[PDB]
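Residue numbers (the authors' numbering), protein chains in the order written: chain E, 358 to 397; chain C, 460 to 507; chain A, 7 to 182, 190 to 540, 544 to 574, 648 to 1201, 1231 to 1279, 1302 to 1319, 1329 to 1367, 1376 to 1405, 1422 to 1451, 1466 to 1543, 1560 to 1687; chain F, 52 to 86, 97 to 175; chain G, 65 to 89, 99 to 175.
The block underneath contains the structure these notes are about, expressed in structure tokens.
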Amino acid sequence: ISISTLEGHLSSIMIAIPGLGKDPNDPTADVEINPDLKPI
Amino acid sequence: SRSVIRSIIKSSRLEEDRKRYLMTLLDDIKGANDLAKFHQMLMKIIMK
Amino acid sequence: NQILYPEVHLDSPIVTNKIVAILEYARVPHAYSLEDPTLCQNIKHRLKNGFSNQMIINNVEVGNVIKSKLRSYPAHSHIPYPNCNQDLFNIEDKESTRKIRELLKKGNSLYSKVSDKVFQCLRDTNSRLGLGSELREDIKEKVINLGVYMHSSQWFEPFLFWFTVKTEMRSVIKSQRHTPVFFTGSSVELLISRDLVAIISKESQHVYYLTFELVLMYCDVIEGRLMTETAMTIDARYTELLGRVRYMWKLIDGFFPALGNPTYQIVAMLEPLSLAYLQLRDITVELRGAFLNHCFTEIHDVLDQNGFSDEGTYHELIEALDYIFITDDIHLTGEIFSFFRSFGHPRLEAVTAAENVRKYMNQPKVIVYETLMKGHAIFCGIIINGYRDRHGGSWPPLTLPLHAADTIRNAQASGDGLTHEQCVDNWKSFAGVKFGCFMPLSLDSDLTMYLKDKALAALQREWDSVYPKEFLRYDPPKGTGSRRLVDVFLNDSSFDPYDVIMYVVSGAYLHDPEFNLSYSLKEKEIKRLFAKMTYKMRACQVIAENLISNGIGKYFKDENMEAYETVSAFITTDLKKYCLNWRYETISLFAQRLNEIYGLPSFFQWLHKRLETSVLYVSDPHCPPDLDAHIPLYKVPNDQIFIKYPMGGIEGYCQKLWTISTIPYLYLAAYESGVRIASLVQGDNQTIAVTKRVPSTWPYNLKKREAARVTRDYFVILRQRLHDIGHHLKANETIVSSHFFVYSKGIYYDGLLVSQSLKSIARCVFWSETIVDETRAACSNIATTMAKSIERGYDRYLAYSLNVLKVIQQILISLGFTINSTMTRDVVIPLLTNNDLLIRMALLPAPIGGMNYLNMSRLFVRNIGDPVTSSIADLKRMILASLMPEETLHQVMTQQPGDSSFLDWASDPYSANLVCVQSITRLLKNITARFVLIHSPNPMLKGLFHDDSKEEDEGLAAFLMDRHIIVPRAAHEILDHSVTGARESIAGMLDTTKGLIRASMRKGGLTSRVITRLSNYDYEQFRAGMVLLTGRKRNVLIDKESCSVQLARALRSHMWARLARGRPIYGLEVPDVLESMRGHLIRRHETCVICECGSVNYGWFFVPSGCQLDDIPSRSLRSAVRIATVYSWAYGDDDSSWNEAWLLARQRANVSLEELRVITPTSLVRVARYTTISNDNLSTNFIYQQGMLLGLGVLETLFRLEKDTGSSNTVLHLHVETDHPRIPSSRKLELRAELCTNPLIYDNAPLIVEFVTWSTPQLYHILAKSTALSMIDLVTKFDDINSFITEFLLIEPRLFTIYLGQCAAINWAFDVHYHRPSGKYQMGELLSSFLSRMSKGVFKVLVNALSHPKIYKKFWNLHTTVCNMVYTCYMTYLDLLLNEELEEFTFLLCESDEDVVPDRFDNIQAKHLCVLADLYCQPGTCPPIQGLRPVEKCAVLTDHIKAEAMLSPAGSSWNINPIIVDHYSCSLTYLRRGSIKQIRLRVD
Amino acid sequence: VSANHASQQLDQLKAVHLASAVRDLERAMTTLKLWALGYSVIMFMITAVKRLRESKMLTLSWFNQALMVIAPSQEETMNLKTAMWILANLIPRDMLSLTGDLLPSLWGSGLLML
Amino acid sequence: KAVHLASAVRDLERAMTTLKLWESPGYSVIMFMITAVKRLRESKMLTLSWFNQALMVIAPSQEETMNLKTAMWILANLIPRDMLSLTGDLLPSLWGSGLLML
């Protein structure tokens, strides 16, 4: 539980502050993509 | 601060002779702490 | 372009560099000093190179004329624009201003001819309401001598000068090798050119050079001052306000020469200072002089930095401000807000605004983590509670992390909502939450958001193309970009709205070469910049704000025995500098949560990511960049107009997202301070209401002190929390108050609305903002502004008289002082030589053919019934007051009708077919918008607009309206919700402005015949008015003081006679407000109207004494349902008409016939808070509602000048003075070959007896029905007779004899129809024969009823007596039925089975049709009813009576309407005994 | 202003406030009711209120007539007597002089046990 | 049917307030009823614990206990029996109670 809190804090810091992803392929882009969009 | 206190005296609903006398005393007050004592005294009259 | 005119009013900022550029091309010396000297270099560089063009010439000649005149005056000095203001506020010349002086003297002559009759008309309409003793004597002299009061003003002689100079300059701009020569005057010498105006005063030798914008500004300011000084001088309430505003004008105009442009900071301080001097009146605590200290320190800083600083000057300025702003009346404190713009507008430079934005957008910040995460937790809680409330107890899709508390997990499992305390105390539990996608993206549903026209910046490679070659040293690159958003949007060959989102999601927006963001100066500001960017990023911004506004923002929209009440205080904050303070780190987490909700990766943080890598510049055409050669934007240094690398937000563009992010911090401060907070958001103003409960036994002063103390604590907490995220609340600027807050209508002071009455009077100016100078739009603007001043508190009669004088002056200006060259001598000389013609044109109302747009009913109520009926009633009042002759009425009835189709009738239902009353600009906008939308190759507008759309619209309007009864108002409701209404709505939102009109002129959408027709409508409307009021035709039937509705029906039948051809018109006539109501005041005295007239229809108003007045599914599916219900109600309900309604509702939504059948169903606050209303004496809901509004207006007018309601209660009595089942179809519906399935228009998814409560007349009627029905039915069937004796004792006789006649006729209708007699007497003879066939035992019950002596006495060989009684009741029933006196008619039906109710209804309707056919038709012509179905015999009898009514002249007065049969699932005994028990248990 | 004029205007103002209270009470009780013809404790109630809406006063003779019309059912007579006791409790004692004669008599009477 | 209840609570509160402003005569008759209707306005449920607690607060004054019992009996008799449990738990039990003598 204490490790999970530490992971939750560092997740919020690294994605609110730009350039600190450590290459996760755009950490703000972890959302599922199907809002009836389908342009492709 | 003197202008604001004088505006409080002018905008109040006090008697005109009392307003003139309080403006005379406000012109008599020079020190900073004496202005603060005058302001607490002035706020007492308006609440009364 | 032969139809556009130069602009009448100011619509652009004032730039120093434009004036300096004109004076440096003209080579005239000047005293201006620029902060950026680059325009004082580049021009010289161009003049070193020999550069010249068409525009550098014709300033050299003007400069030579100026130097030739300045050789005459030796000691000449040029004065800059601010330093000369009072001189240009007080300037006059007798010789220069002769023509407008003669015109306005003629206007005073005409108004002096009609002023006394105007006063008599207003005195009569005040006397009918009952305020004759309360009308002041001074009002008469102010009405009669109003022109003398307007000519006595100080601003009149400036106004004639500036109106002259504006009109002569506008003529030059339209006309443009003559050289402008100086005009020698009495005191000034004047040169007017296209770009420069030179004024040399002879006595002082002060020389002024002005441009066009300064002339427009001075004309607007001086005309507004003239109108507001006239309005304050006329009305007696604004006297001390008049003195304080005059002293304010004199003091600030004295301050203008010494300071100049820094004076506008002191002018801007008037908006804080009124609220500071209002805060001095707070009863609470030491916050009386809180904001005034900041204001006084700011004014001291303004005087100190400019060098005009001494001890004597500052004290005198404070004494002057104390004289202006200290007053005792609450409602006159907000009138100073209207005089904010009355001093002018400052001059602007781009470098100052660039430095101002550069200081804020480059500031480092340090932001905590805990407050940010607590605000994010509250943000998540608000989204969760919104989704849980709308979806009924369900959590939105999310996953909590492993470290979440058990309270949040068990609330997620059990579906229990979270309070704010749980969100703040468990902010660590929301550290790694991930939302799910639950918000759909419907961009194909909405197209309106792109059609709003917005400006576009140039491409980044050609950013210098906005600057001219003239003001730059190097030649700028040419510009291939497009200026407007809608031109790129409509001409785009392939446009998918999801590709716009993909332009951000894919990441190509960061690396594009064409992106650029620019700034431009704001137009009218006393102190901003608005931004412009390219097409794709504009569309991304619009889509982003619409997506936030549709789905998520709607979520954000809103022991103790002694008992408690709630007391509140207010905090008002400014939000303008917040947008610069937003950074990526603050907005990032909220943007991630919105990305997770909407399912778009990295979408909502686009703004900061693009602005951090871009270079911004402030673009003014006259201000040049300081570059020797062309360079790209990133090489350009971070000086002058350039802001190199901004971290922040440009104003607007993300306002919804920032507001949604801002509210959680307010709620966090609410939780920490233990208060209740309600937030109201305005433009750059936020009002926070702090609420704490207090004991009710406490006095009022202690409650307010407690509320202000806890508001103080909340303010300290909120300041700390906003500083920790970095928004810098700045406590001195924010106002903390106990009573007042600022909103849109005015200042709110403890339930009082302080209103700004004199703003709209200052906005009452000659002409209106139109591309063609129209008289009618100007008169409509005058009427609208004066009416708005009436609702904000100005006197009604004085506003009406000001409207009359301003209309006369506007007509005289439009005929005599104009730039229009189509004003030939055929109409100008006849109108100017014939004075009475011009006054009769000015006074006559506009719905009947005049040029006056304010009705006398409109002065009291906002909504009037019918403009034609109200206009005819107003004309009758003016005829009775001898203001206009009687013959004018006949001319109104003999007016030549215009040519308009059925579609123009359906678009404007109250139109009276006048000749050329449509405005030029609106019709030109409609043609231009329709042309560009029909030639738009955008794939979204595929089937919405067709080239043959107008023929389809005309066919639909003809199918709706060419019926045997013509209703305009129902067809407007059908056509508004149809495809035609959708096309007109989409065409209406497109504001094409001047640019697309010029573009369509180049394309040729407006043909030359259209241009020559639209150029001459003002001449033709003056010609039409002259032909109307000159002509002489009279009718015998029309009489003076006949009914207004009768005259309106006659007028509508005359002027629509070509289309209607004699058919009736229904649904347009509502009686006038003023001619229907007669009111009277009472204290202990008899109302006279009640004493003699016996008028018991009145409304009742009460005012207590001794009260202080002054002191304390889809849209397309809804449209289809609306079309179906209006078509079913208006034109009948059967199987044939429902197919047509299904076809009209099928075009908007995908429904079947069965599915469609299932799915289809102010300033009164001074008095009106204390008044008590009762309408129990009132017996058409619009008339009663407008009567209530009129009574409130009466009570407002009675107590306008009275401080207190004194020593007696007031009572006001406001009296009121008092046919088709179905319409078939003639035309066949054209329809369309295929149905367009666009989401804008088409939607494919179907998706979704208590006797006590009855009133006493109803108890009489139901008892009289039950006694009569039971009696006659028993006679047909031939303790209950003793019950009948008691009931006949208890009933009223007249209702009984009517209902007895009804039941007798219904039960003998079949035998009468078999014998077929004609007329009343023969049917009565046959019914008397039927009563003769009855025996004595058949009528024995009524014999026993007549045996009682009291029944016999009330109702006046008893069997023959009963036969004579039934015959007499039958004769009376027939006599009421012939002249339609059966207004309350009901045949009650007692039913046991619900299925046989249509059968009984058909049988009794057949009986009624037999009665009508035997009364009306000839004997033997009726078809037999024997051996026929009831609905078949009803149909054949209805057809026979309709055919016989068409054949005979009689029959129209006869009613073919069937009887009304109220049904009840009760016996006769139950209803009858219940009525007896209630009429004995109730009062009687 | 003399005391007599102020007393007259005060009586008029009390009459207006009593009429407004009667109208609001009638609306409330009709809303409660709408969601043989032997009436009950609220069906009795509004009838008296309806007499107060049509400006005719409650009188001992009206109570005797109402007892004689409801006489065979003793439970219903108990219901109407309790309903007039409810109206005695609702109206303040100053305005019972304005209502009539029944409610000053019924203000003295009280329930023995809850 | 909650919309029908709530609206009548608003109209009763308006009627009792306008009666209370004109009265020549502790929360007594009608004043306690205004308190109870205000508790109904705040969506508070009538519970046995609240009435027992109110009995403990107003215990020294016996006449005021009689006043509050009579006012709760007013509110018990005026409200119909279908909505009576939606008011709270006090009012059916007070509907069970009755007077011995007028």
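C-beta atoms are modelled at their ideal positions from N, C-alpha and C, and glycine is treated no differently.
The beta carbon of A:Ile1663 is closer than 7 Å to those of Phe1588, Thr1589 in its chain, skipping five residues each way along the sequence. Here the alpha carbons of A:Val1600 and A:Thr1440 stand approximately 21 Å from one another. Look at the stretch 658-685 of chain A: the residues with a C-beta under 7 Å from a C-beta of chain E are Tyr673, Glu674, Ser677, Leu678, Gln681, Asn684, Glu685. Across the structure, A:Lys54 and A:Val71 are spaced so that their CA atoms are roughly 23 Å apart. A Cβ-Cβ separation of about 7 Å places A:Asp93 in contact with A:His219 under the 8 Å criterion. Bounds of the alpha helix (DSSP H) holding G:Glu77 are 66-84. Contact with chain A is absent for C:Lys496, since none of that chain's Cβ atoms lies less than 7 Å from the residue's Cβ.
When DSSP states are grouped into helix, strand and coil, A:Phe659 belongs to the strand group.
Residue-level contact check: A:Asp335 touches chain C, since one or more beta carbons of chain C fall below 7 Å from its beta carbon. According to the DSSP assignment, A:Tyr1187 belongs to no alpha helix (DSSP H) but to the beta strand (DSSP E) extending over 1187-1192. Within the same chain, Cβ atoms closer than 6 Å to the Cβ of A:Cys1613 are found at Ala1496, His1500, the five residues on either side in sequence being excluded.
Here A:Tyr838 is bridged, per DSSP, to A:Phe829, A:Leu841.
Close to G:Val102, with beta-carbon spacing below 7 Å, are these residues of chain F in chain order: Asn150.
At a cut-off of 7 Å between C-beta atoms, F:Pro153 counts as an interface residue with respect to chain G. Listed along the chain, the chain F residues whose CB falls inside 8 Å of the CB of A:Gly1677 are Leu98. Against F:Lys111, chain G offers no close residue; the least beta-carbon distance is about 15 Å (beta-carbon pairs closer than 9 Å). Residue-level contact by beta carbon fails for A:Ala1308 and chain G, as no gap is shorter than 7 Å. Straight across, the Cα-Cα distance linking A:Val1528 with A:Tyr1539 is about 14 Å. Interface annotation, A:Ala652: in contact with chain G, CB-CB separation under 7 Å. Boundaries of the alpha helix (DSSP H) around A:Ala796: 789-814. Using a CB distance below 8 Å, the part of the stretch 62-80 of chain F facing chain A consists of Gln63, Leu64, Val67, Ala70, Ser71, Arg74, ordered along the chain. Assigned with DSSP and collapsed to three states, A:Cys1669 falls in coil, not helix or strand.
Put simply, the CB of A:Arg301 is near chain C, with a gap under 7 Å to one of its CB atoms. Interface flag for A:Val1686 against chain F is set, since a Cβ pair is found closer than 7 Å. Listed along chain E are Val388, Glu389, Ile390, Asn391, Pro392, each with a C-beta nearer than 7 Å to that of A:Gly688. Burial state of A:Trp1543 is exposed, judged by a 10 Å Cβ sphere holding fewer than 16 other Cβ atoms. In this model, A:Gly835 and A:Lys877 are separated by some 14 Å (Cα to Cα). In this structure, the straight-line span from the alpha carbon of A:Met736 to that of A:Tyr723 is close to 16 Å. Under the Cβ criterion of 7 Å, F:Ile147 is counted among the residues facing chain G. If you draw a 10 Å sphere on the C-beta of A:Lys1636, you find 16 or more other C-beta atoms in it, and that means buried.
Residues of the stretch 464-477 of chain C with a C-beta less than 7 Å from any C-beta of chain A: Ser466, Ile467, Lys469, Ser470, listed in chain order. Closer than 7 Å to the CB of E:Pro396 there is at least one CB belonging to chain A.
A:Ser159 is not bridged by DSSP to any residue. Chain order gives no chain C residues near A:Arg107, where near means a beta carbon separation below 9 Å; the closest approach is about 45 Å. The shortest C-alpha to C-alpha distance from A:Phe679 to any of A:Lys105, A:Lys965, A:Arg1264, A:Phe692 is the one to A:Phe692.
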